[PDB]
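In the block that follows, a single chain appears as structure tokens, in the form deposited in one PDB entry.
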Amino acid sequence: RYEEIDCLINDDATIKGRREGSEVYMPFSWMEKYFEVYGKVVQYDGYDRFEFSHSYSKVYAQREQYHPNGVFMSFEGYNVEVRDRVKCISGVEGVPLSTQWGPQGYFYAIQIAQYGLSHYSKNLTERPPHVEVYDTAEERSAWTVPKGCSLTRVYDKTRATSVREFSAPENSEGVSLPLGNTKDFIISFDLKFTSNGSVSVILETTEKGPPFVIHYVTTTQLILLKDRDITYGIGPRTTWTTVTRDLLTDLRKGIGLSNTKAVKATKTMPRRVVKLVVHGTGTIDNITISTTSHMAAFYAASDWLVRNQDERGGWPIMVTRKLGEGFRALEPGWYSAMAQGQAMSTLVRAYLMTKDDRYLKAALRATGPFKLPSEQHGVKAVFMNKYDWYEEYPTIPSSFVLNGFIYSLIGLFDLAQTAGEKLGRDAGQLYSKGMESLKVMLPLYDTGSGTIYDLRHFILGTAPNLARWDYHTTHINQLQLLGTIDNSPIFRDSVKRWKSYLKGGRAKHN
């Protein structure tokens, strides 16, 4: 005798429930939206279970105390390049290009840094990649050489082993080397062009029909799509470099090419790296395909940061940013505490890896914007005349975004610990001060059931800007990290309570 029963919701709408004796059952289709909760029917052998969740995303399981040369917080599980705000990985720079606030496309230091840190972290946690090297057998030849082209083993005196000298007119089919990899999709080759040309990779995919071809060309063009040809300019390449490309990413970013702020999603996947094809004149060597190539990405990010830091020690964001109603628009050229800090964390790791002082010097200079107020090309805000804050968005009036601030602090900590007592005193001073403000202000972000993203409600006198669940777990990840390098009860206590919110826990009411 389950019977249908009408359910009046807050004296407004009516939904259809079920009743069995004294028990009333309410439909999840209503619950999902009403409570903003989550549910899935999951299959088992001969039965299904319904799996309910109060929240989404998960808190990172720390394995040890945080240290500057180790994994960066939870970034071992963070895929930066896959997101639709990354238009592509530049062929010239080898780092992500952003479209998040301009469809124009711009290099954004936060993305570039996070690209570095995530690959850095994954290098520490993953099994080693499988690696296949091609064209490495006794004389002579695996290459296909059409009429009018040439491919010769030659000796470059600046190098230890022979290389391959190629010649193929642009209108010819080019010289080609069979690859045939069906498992791994990170390609690298050492390259030196003596003319305009291209290295093309032929890629069979899950899309029925002809393969896709990705053309890496000697121009500064960013990205192009025409039918099944995707083009990336990689610059002149007239001195020896190692080119490393993630074909999975390069393929999908080409497929999803869009005039909008977001790359179109695709389910298309690569199935076989068929062969490589070269047009022009020059030399090539060490043609390899690997499961992953994390450290190369890390160094590309680290080197981009060094080259693009300005005289003030900052990485200027050259797009206008309007944080919302009540906040003055930020004109191009603004700095971000988060950008500065994430860059420090990347550069410190690069320094510790190489002892190349250009990395340390860049990091030390990055402290510059932290010393100036927001209206003076800086990043410093003051909460109610007492507490220094390093702004993710240096707005007028101040905005006090939590996650970006803590990222700035982790950057300062990396730097202070690495530069040592004399050189790292400025960073260590900025850090200790920021940490004071953090410990004091942290309760202002706690709703009793989740967290708030910024202090917009108090600064503007408006509704709280509540943090979505993935920012909530980010907040937790950040505090548990800090909890390993600072023994204050507030970090362990906040983490414990903030974790309970993920399972529908709440602060007590009176």
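Heads up: residue numbers just count along the shown sequence, starting at 1. Here the rigid core means the biggest group of C-alpha atoms that line up within 1.5 Å when the two forms are laid on top of each other.
Coordinates are absent for 4 to 9 residues of the deposited sequence placed between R140 and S141. Stretch comparison (258-266 versus 128-136) by mean CA B-factor in the PDB entry places 258-266 on top. Mean CA B-factor, 278-286 versus 306-314: the higher value falls on 306-314. Within the group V80, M344, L251, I396, the record's highest C-alpha temperature factor is found at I396. Highest C-alpha temperature factor among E76, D246, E325, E165, as the PDB entry reports it: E325.
Per-chain ranking of the deposited C-alpha B factor places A339 in the middle third.
Residue-level temperature factors show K499 in the lowest third of its chain, judged at the C-alpha atom. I9 sits in the lowest third of its chain by CA B factor, as recorded in the PDB entry. Among all modelled residues in this chain, the alpha-carbon of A366 has a temperature factor (C-alpha) in the middle third. For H475, the recorded CA temperature factor ranks within the lowest third of the chain's modelled residues.
Below, we refer to the form deposited in another entry, which is not included among the displayed structures.
Comparing the two forms between this form and the one not shown on the rigid core, the single residue of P146, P373, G77, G102 with a CA shift of 2 Å or greater is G102. The Cα position of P443 differs by less than 2 Å between this form and the one not shown after fitting on the rigid core. The Cα position of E64 differs by less than 2 Å between this form and the one not shown after fitting on the rigid core. Contraction of the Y216-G102 CA spacing by 3 Å or more is recorded in the other entry, set against this form. Compared with the form shown here, the Cα atoms of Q100 and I110 move at least 3 Å farther apart in the other entry.
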